[PDB]
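One structure below.
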Amino acid sequence: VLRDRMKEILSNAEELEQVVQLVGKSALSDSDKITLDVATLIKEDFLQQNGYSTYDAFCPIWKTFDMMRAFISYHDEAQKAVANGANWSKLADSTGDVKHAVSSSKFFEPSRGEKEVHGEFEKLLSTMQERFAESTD
Amino acid sequence: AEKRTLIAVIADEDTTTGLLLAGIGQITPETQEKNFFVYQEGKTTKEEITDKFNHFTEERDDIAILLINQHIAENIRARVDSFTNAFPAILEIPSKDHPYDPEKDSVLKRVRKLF
Amino acid sequence: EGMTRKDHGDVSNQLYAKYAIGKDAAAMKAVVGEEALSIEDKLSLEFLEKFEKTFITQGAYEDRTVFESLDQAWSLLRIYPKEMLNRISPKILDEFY
Amino acid sequence: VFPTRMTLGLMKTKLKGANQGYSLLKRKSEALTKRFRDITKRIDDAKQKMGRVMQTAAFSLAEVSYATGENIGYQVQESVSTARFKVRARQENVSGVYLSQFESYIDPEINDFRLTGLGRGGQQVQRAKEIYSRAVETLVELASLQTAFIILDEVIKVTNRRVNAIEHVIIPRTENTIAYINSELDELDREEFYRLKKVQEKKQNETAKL
Amino acid sequence: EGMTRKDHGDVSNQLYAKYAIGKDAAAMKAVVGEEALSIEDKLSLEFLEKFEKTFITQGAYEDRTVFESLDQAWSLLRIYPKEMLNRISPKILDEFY
Amino acid sequence: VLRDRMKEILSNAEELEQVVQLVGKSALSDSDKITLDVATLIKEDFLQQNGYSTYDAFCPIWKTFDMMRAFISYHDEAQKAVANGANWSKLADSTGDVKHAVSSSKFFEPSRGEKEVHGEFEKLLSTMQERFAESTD
């Protein structure tokens, strides 16, 4: 499920980027900014890895599932919030604290237990929904 | 941006009194100067209209809209034509005892070039 | 014939032209916004996603002849008014919109 | 001038970029010109509407002054040291570009002015303000459109320049570079085949003859 | 270690990233103008110049220690917040910012 | 000293020219207008060896130096002038005679005071000085 959606974000983000360069944009639809923004995160957490920092390239297959799970969830709340009304700047700023934590969650590897699905990510999910409510209203 | 909230007047005496009853000009608290220029026919100078136009358009940047009577705007035509910005806006509205005449209107001259 | 319709040619034209405008509409939307987008572009925006998700997207054991293709065509097209569908004969259209 | 090896990869994506970008700039121009025609018509109307609203009010103000028996406008200027009707700036997206708009708000700094007490003649001055507060408001909402219109004129010029720029300069620069490098690149490859072949004929012959 | 730091590979990476963008920000200026440019791209433009004429520009009898190189690199790199810098461990960037 | 400034002028001229082409002469700054004019003059007066009467006459390192003093001088005083408030038009029309003189200087035979410094080049230096001052205030 995530996989198709990971690919879908990175694909639309690519296209949008040529349109910013080519026309030399004076505006963006409020949804498209979200697509670009969610792609930036994908870049850091997965694509940026260093094979001699083992805190910055190691995850078991389940840990990987949880991190991607969090992203795909963020996109899902964000698309709904604009729809119910709320400005992009409102969406980005009110989500805020959880947006920092997910960015910075690429500095982790199993070291809080022999467990491949962590409290680290499970806690983020409920807090993310809580953040969504704020953005929307 | 939101830093401009004043309406300046260049208008004939009776028209400026009216606008002021509605309340749109004032005597500023930061500079002690009106945001209105009271003009009379055949009894005030051609130079003074010029000074007022410049003052509100370029040496004031807290004026949102400068209203100007076409007839009065005509006297100082070079100066009206030559201010081409949109901050502040310059709006010619028909003067007193005259309907709409397109031949005194600075903005309509700009629009002609390109569409 | 008897395994196609004669309506085949008319629909190939309609399907094609609206999908192309929709490709243009995606790019347009991004620059202009949604707070300045044209009413025709909105229909083209929707058309782009439904043509891809109905006509192109389909299962690994789904099977199609020209009649089946043809029914699915008319449901995408239905959304456009008749006066935007003009590459089609008035005959065909009044029957399948 | 330019690489003879793999200019094709960077140049190919430029060329596509250019024609794709051009098509798109044309739609943005078409939208800008689309709105422009409409506002030009609305603005000429709005000039007369404002002219009239001011004139009808202006005359009533003239009448009020002569009938009471004194010139009010002097006293009114002295009393005013705040502006009741002020405006809030907001950006509205019309086409690709954001235009400046004004929404008036009425702030209760002052209600009328402390000068009326002219006995019987004073009611004519109080009523005169009531008619003018309403007139001014028509002018202000209409005045907002004027601001956008000047803003559109400034943007169209940047936009007309770009549509020309892409077609005339970029597109033939991509064409000439791609084709010239393509032609040189294939040449190196072809001559090699001929040189390998030429020595192999020499070899074949030598083997064959006794 | 002891005349080349641990932060050496970290800082290189950062210096290249700001430079890639700076080079591109020049290119967008040529074609369209200041139309696709922004507060981020405008910084990057400044970066590309300051770096070119300060870091790369040296003498041909100048001996520069690997300790010197790193000290100068950090001084230059002050142009963006700590939160915009994530091509470096947040541990290392506080010590040497 | 003159060689370094001379190199810079040409190097900036090319880049500034690409903006004139695409964007138009509406994106320029006033100092950049100055770089465009001085450059056009250099193009003609050194590089061209084509006649208009006579193919051009022996110009030494000394002659060549005088030309460089007058072009470089024009550029400095003019940019100061625009920086300090002044019309472009006032400055270009005023240089006028001086520009005709450098163009045709090479056709005239070397030594006109000396080879070293010609009286024809010596006098322009004063003219620029007189102009700079009129312009400023």
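Here the chain labels run A, B, C, D, E and F in written order, and each chain numbers its own residues starting at 1.
One rule holds for everything that comes next: a contact is a pair of C-beta atoms (placed from the backbone, for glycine too) under 8 Å apart; a residue touches a chain by one contact, two chains touch by 3 or more.
Each chain and its UniProt protein: B = V-type proton ATPase subunit F; D = V-type proton ATPase subunit D.
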Co-neighbours of chain F and chain A - touch as defined: D, E
Most extensive contact between chains (C-beta pair count): B-D
Inter-centroid spacing, chain E versus chain A (mean Cα positions, whole Å): 27
Gap in Å, rounded to a whole number, between the CA centres of chain D and chain B: 24
Whole-Å separation of chain centres (CA-atom averages), chain D against chain F: 40
Between chain F and chain C, distance of the C-alpha-averaged centres to the nearest whole Å: 65
Contacts with 2+ other chains: residues of chain E: 31-33, 35
Multi-partner residues of chain A (at least 2 other chains): 19, 23-27
Chain B, residues touching no fewer than two other chains: none
Chain C residues touching chain D - in the complex, by the definition given at the top: 24, 27-28, 31-33, 35-36, 38
Complex contact set, residues of chain A against chain E: 20-21, 23-26, 44, 48, 53, 100, 103-104, 107
Chain A-touching residues of chain D, taken from the complex the two chains share: 17, 20-21, 24-25, 28, 93, 96-98, 162
Complex contact set, residues of chain C against chain A: 26-27, 29-34
Interface residues, chain D side, partner chain B - complex: 33, 36-37, 40, 44, 47-48, 50-52, 54-55, 57-58, 61-62, 65, 72-73, 76-77, 80-89, 100, 102, 109-110, 113, 128-129, 132-133, 135-137, 139-140, 143, 146-147, 149-151, 153-154, 156-157, 160
